[PDB]
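Below: my_file-v3.cif (mmCIF, N, CA and C atoms)
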data_start
#
loop_
_atom_site.label_atom_id
_atom_site.label_comp_id
_atom_site.auth_asym_id
_atom_site.auth_seq_id
_atom_site.Cartn_x
_atom_site.Cartn_y
_atom_site.Cartn_z
N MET Y 1 133.47 167.14 -40.99
CA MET Y 1 133.47 168.53 -41.40
C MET Y 1 134.82 169.18 -41.21
N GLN Y 2 135.06 170.18 -42.01
CA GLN Y 2 136.30 170.91 -41.97
C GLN Y 2 136.22 172.14 -41.06
N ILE Y 3 137.22 172.30 -40.20
CA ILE Y 3 137.32 173.48 -39.36
C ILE Y 3 138.70 174.09 -39.45
N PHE Y 4 138.79 175.34 -39.08
CA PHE Y 4 140.05 176.05 -39.12
C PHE Y 4 140.55 176.37 -37.74
N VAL Y 5 141.84 176.12 -37.52
CA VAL Y 5 142.49 176.47 -36.26
C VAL Y 5 143.55 177.52 -36.49
N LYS Y 6 143.24 178.74 -36.06
CA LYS Y 6 144.12 179.90 -36.23
C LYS Y 6 145.08 180.05 -35.04
N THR Y 7 146.39 180.03 -35.34
CA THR Y 7 147.42 180.20 -34.30
C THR Y 7 147.86 181.65 -34.20
N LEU Y 8 148.64 181.95 -33.17
CA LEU Y 8 149.12 183.31 -32.95
C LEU Y 8 150.21 183.76 -33.93
N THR Y 9 150.75 182.83 -34.69
CA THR Y 9 151.82 183.17 -35.63
C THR Y 9 151.35 183.44 -37.05
N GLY Y 10 150.06 183.43 -37.25
CA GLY Y 10 149.52 183.71 -38.56
C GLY Y 10 149.41 182.46 -39.42
N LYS Y 11 149.53 181.30 -38.78
CA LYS Y 11 149.37 180.04 -39.44
C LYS Y 11 148.02 179.47 -39.12
N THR Y 12 147.31 179.03 -40.14
CA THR Y 12 146.02 178.41 -39.94
C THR Y 12 146.08 176.96 -40.31
N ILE Y 13 145.64 176.12 -39.41
CA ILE Y 13 145.62 174.71 -39.69
C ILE Y 13 144.21 174.19 -39.91
N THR Y 14 144.06 173.36 -40.93
CA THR Y 14 142.77 172.77 -41.24
C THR Y 14 142.64 171.39 -40.62
N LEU Y 15 141.47 171.11 -40.07
CA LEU Y 15 141.19 169.85 -39.42
C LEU Y 15 139.92 169.23 -39.95
N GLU Y 16 139.88 167.92 -39.95
CA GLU Y 16 138.67 167.23 -40.29
C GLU Y 16 138.08 166.61 -39.05
N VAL Y 17 136.91 167.11 -38.65
CA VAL Y 17 136.29 166.67 -37.41
C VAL Y 17 134.79 166.43 -37.55
N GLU Y 18 134.23 165.80 -36.52
CA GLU Y 18 132.80 165.60 -36.39
C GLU Y 18 132.31 166.34 -35.16
N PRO Y 19 131.14 166.93 -35.24
CA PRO Y 19 130.60 167.66 -34.11
C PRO Y 19 130.51 166.80 -32.84
N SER Y 20 130.57 165.49 -33.02
CA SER Y 20 130.51 164.56 -31.90
C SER Y 20 131.85 164.36 -31.25
N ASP Y 21 132.86 164.95 -31.82
CA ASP Y 21 134.19 164.85 -31.28
C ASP Y 21 134.35 165.68 -30.04
N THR Y 22 135.11 165.18 -29.11
CA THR Y 22 135.38 165.89 -27.91
C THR Y 22 136.52 166.89 -28.12
N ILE Y 23 136.61 167.86 -27.22
CA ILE Y 23 137.68 168.86 -27.27
C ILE Y 23 139.05 168.20 -27.07
N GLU Y 24 139.07 167.21 -26.19
CA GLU Y 24 140.26 166.42 -25.91
C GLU Y 24 140.79 165.76 -27.19
N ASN Y 25 139.85 165.27 -28.02
CA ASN Y 25 140.18 164.61 -29.29
C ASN Y 25 140.71 165.59 -30.32
N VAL Y 26 140.13 166.79 -30.34
CA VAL Y 26 140.59 167.83 -31.25
C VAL Y 26 142.03 168.21 -30.95
N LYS Y 27 142.32 168.34 -29.66
CA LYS Y 27 143.65 168.69 -29.22
C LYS Y 27 144.67 167.63 -29.62
N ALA Y 28 144.22 166.37 -29.63
CA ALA Y 28 145.06 165.26 -30.03
C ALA Y 28 145.36 165.32 -31.51
N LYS Y 29 144.35 165.74 -32.27
CA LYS Y 29 144.49 165.89 -33.70
C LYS Y 29 145.51 166.96 -34.02
N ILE Y 30 145.44 168.06 -33.28
CA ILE Y 30 146.37 169.16 -33.46
C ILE Y 30 147.79 168.73 -33.14
N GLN Y 31 147.93 167.93 -32.09
CA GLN Y 31 149.23 167.43 -31.70
C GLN Y 31 149.78 166.54 -32.77
N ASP Y 32 148.93 165.70 -33.27
CA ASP Y 32 149.29 164.80 -34.29
C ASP Y 32 149.79 165.53 -35.53
N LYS Y 33 149.16 166.66 -35.86
CA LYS Y 33 149.52 167.35 -37.07
C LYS Y 33 150.55 168.47 -36.97
N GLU Y 34 150.63 169.13 -35.82
CA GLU Y 34 151.57 170.24 -35.65
C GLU Y 34 152.59 170.00 -34.56
N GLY Y 35 152.37 168.96 -33.77
CA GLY Y 35 153.29 168.57 -32.73
C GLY Y 35 153.12 169.32 -31.41
N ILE Y 36 152.08 170.16 -31.31
CA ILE Y 36 151.84 170.91 -30.07
C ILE Y 36 151.17 170.04 -29.01
N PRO Y 37 151.85 169.87 -27.86
CA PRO Y 37 151.29 169.08 -26.78
C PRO Y 37 149.97 169.66 -26.30
N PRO Y 38 148.99 168.79 -26.08
CA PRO Y 38 147.66 169.22 -25.69
C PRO Y 38 147.62 170.10 -24.43
N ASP Y 39 148.49 169.81 -23.49
CA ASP Y 39 148.54 170.56 -22.25
C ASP Y 39 148.93 172.06 -22.45
N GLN Y 40 149.52 172.36 -23.61
CA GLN Y 40 149.89 173.73 -23.93
C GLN Y 40 148.78 174.45 -24.71
N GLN Y 41 147.78 173.66 -25.14
CA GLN Y 41 146.69 174.16 -25.97
C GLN Y 41 145.52 174.79 -25.21
N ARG Y 42 145.15 175.97 -25.66
CA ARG Y 42 144.00 176.69 -25.17
C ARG Y 42 143.16 177.10 -26.38
N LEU Y 43 142.01 176.44 -26.54
CA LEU Y 43 141.13 176.69 -27.70
C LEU Y 43 140.03 177.67 -27.38
N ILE Y 44 139.87 178.67 -28.26
CA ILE Y 44 138.88 179.71 -28.07
C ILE Y 44 137.92 179.80 -29.24
N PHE Y 45 136.63 179.83 -28.92
CA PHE Y 45 135.57 179.98 -29.91
C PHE Y 45 134.44 180.83 -29.35
N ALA Y 46 134.06 181.83 -30.09
CA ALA Y 46 132.98 182.71 -29.67
C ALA Y 46 133.18 183.24 -28.24
N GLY Y 47 134.41 183.65 -27.95
CA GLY Y 47 134.77 184.22 -26.66
C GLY Y 47 134.79 183.21 -25.51
N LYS Y 48 134.69 181.94 -25.85
CA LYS Y 48 134.69 180.90 -24.83
C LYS Y 48 135.93 180.02 -24.90
N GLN Y 49 136.45 179.67 -23.73
CA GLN Y 49 137.51 178.71 -23.66
C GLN Y 49 136.90 177.33 -23.66
N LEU Y 50 137.29 176.53 -24.63
CA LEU Y 50 136.72 175.19 -24.80
C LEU Y 50 137.26 174.19 -23.77
N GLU Y 51 136.32 173.41 -23.18
CA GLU Y 51 136.63 172.41 -22.15
C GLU Y 51 136.78 171.01 -22.75
N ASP Y 52 137.86 170.32 -22.34
CA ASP Y 52 138.24 168.97 -22.85
C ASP Y 52 137.11 167.97 -22.98
N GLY Y 53 136.28 167.88 -21.94
CA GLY Y 53 135.21 166.88 -21.87
C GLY Y 53 134.00 167.16 -22.74
N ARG Y 54 133.87 168.39 -23.20
CA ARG Y 54 132.74 168.74 -24.05
C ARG Y 54 133.01 168.36 -25.48
N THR Y 55 131.94 168.33 -26.27
CA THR Y 55 132.04 168.07 -27.70
C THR Y 55 131.88 169.36 -28.48
N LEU Y 56 132.23 169.33 -29.76
CA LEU Y 56 132.09 170.50 -30.60
C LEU Y 56 130.64 170.93 -30.72
N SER Y 57 129.73 169.94 -30.69
CA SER Y 57 128.31 170.21 -30.81
C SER Y 57 127.76 171.00 -29.61
N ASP Y 58 128.36 170.77 -28.44
CA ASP Y 58 127.96 171.48 -27.22
C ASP Y 58 128.08 172.97 -27.40
N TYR Y 59 129.07 173.36 -28.20
CA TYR Y 59 129.38 174.75 -28.45
C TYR Y 59 128.75 175.28 -29.73
N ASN Y 60 128.02 174.43 -30.43
CA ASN Y 60 127.37 174.84 -31.66
C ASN Y 60 128.38 175.25 -32.74
N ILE Y 61 129.51 174.55 -32.76
CA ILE Y 61 130.55 174.76 -33.77
C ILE Y 61 130.13 174.12 -35.09
N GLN Y 62 129.87 174.95 -36.12
CA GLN Y 62 129.41 174.44 -37.43
C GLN Y 62 130.54 174.35 -38.46
N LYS Y 63 130.26 173.71 -39.59
CA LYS Y 63 131.26 173.55 -40.62
C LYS Y 63 131.88 174.88 -41.03
N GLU Y 64 133.21 174.84 -41.25
CA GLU Y 64 134.00 176.00 -41.68
C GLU Y 64 134.22 177.08 -40.62
N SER Y 65 134.01 176.69 -39.37
CA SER Y 65 134.25 177.56 -38.25
C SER Y 65 135.74 177.72 -37.99
N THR Y 66 136.10 178.81 -37.33
CA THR Y 66 137.47 179.05 -36.97
C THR Y 66 137.65 179.10 -35.46
N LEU Y 67 138.53 178.22 -34.96
CA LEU Y 67 138.91 178.22 -33.56
C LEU Y 67 140.20 178.96 -33.41
N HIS Y 68 140.39 179.57 -32.26
CA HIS Y 68 141.63 180.26 -31.98
C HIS Y 68 142.49 179.46 -31.02
N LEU Y 69 143.75 179.27 -31.40
CA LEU Y 69 144.68 178.52 -30.57
C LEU Y 69 145.66 179.44 -29.88
N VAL Y 70 145.60 179.44 -28.55
CA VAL Y 70 146.54 180.18 -27.75
C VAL Y 70 147.41 179.21 -26.96
N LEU Y 71 148.69 179.45 -26.96
CA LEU Y 71 149.61 178.56 -26.28
C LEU Y 71 149.89 178.97 -24.87
N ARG Y 72 149.91 178.00 -24.01
CA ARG Y 72 150.22 178.21 -22.64
C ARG Y 72 151.39 177.37 -22.25
N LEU Y 73 152.56 177.98 -22.26
CA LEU Y 73 153.78 177.27 -21.92
C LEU Y 73 153.98 177.16 -20.42
N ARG Y 74 154.58 176.06 -20.02
CA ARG Y 74 154.86 175.79 -18.60
C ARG Y 74 156.31 176.15 -18.30
N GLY Y 75 156.49 177.38 -17.84
CA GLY Y 75 157.79 177.92 -17.48
C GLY Y 75 158.22 179.15 -18.25
N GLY Y 76 158.55 180.17 -17.48
CA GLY Y 76 159.01 181.48 -17.97
C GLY Y 76 159.15 182.43 -16.77
#
Give the structure from the file, written as structure tokens.
Amino acid sequence: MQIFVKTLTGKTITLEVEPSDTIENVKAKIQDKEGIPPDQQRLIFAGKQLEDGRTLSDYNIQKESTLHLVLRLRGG
């Protein structure tokens, strides 16, 4: 299924995922496609911060959903 990942810069990235995919795996996909290291990634859906070990299905994330990507940089 297709999902949308909305960043803080007004860029939306499209991903192809399965509800059985883990959050850790989604983050890897994002890294693969945009180059953002997973450790800097903070995914938000329905007011919840998504946990690495959970799957998309745990959160009831359906096709064409939009996740919010917030960056957490290490150092400033």
Mind the document's chain letters and residue numbers, and return as a list in words the residues of region 4-64 of chain Y that DSSP labels strand (DSSP E or B).
-> residues 4, 5, 6, 12, 13, 14, 15, 16, 22, 41, 42, 43, 44, 45, 48, 49 and 55 of chain Y
From the list Y:13, Y:8, Y:75, Y:24, which residue is nearest residue 51 (chain Y) when using all atoms listed in the file?
-> Y:24
Apply the PyMOL selection byres ((chain Y and resi 59-65) around 5) to the displayed file and report the matching residues as a list in words.
->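 That selection, the PyMOL selection byres ((chain Y and resi 59-65) around 5), comes back as residues 2, 3, 4, 55, 56, 57, 58, 66 and 67 of chain Y.
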Given the choices Y:27, Y:76, Y:19, Y:6, which gets closest to residue 41 (chain Y) if the distance is worked out from only N, CA and C atoms?
-> Y:27
Selected by the PyMOL selection byres ((chain Y and resi 22) around 6) in the shown coordinates: which residues, as number ranges by chain?
-> Y: 20-21, 23-26, 52-56
Given all atoms listed in the file as the counted atoms, nearest of Y:43, Y:28, Y:36, Y:15 to residue 68 (chain Y) =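 The answer is Y:43, which sits nearest to residue 68 (chain Y).
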Just how far from atom N of residue 16 (chain Y) is atom C of residue 71 (chain Y), in Å to one decimal?
->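 One can read the atom C of residue 71 (chain Y) to atom N of residue 16 (chain Y) distance as 21.2 Å.
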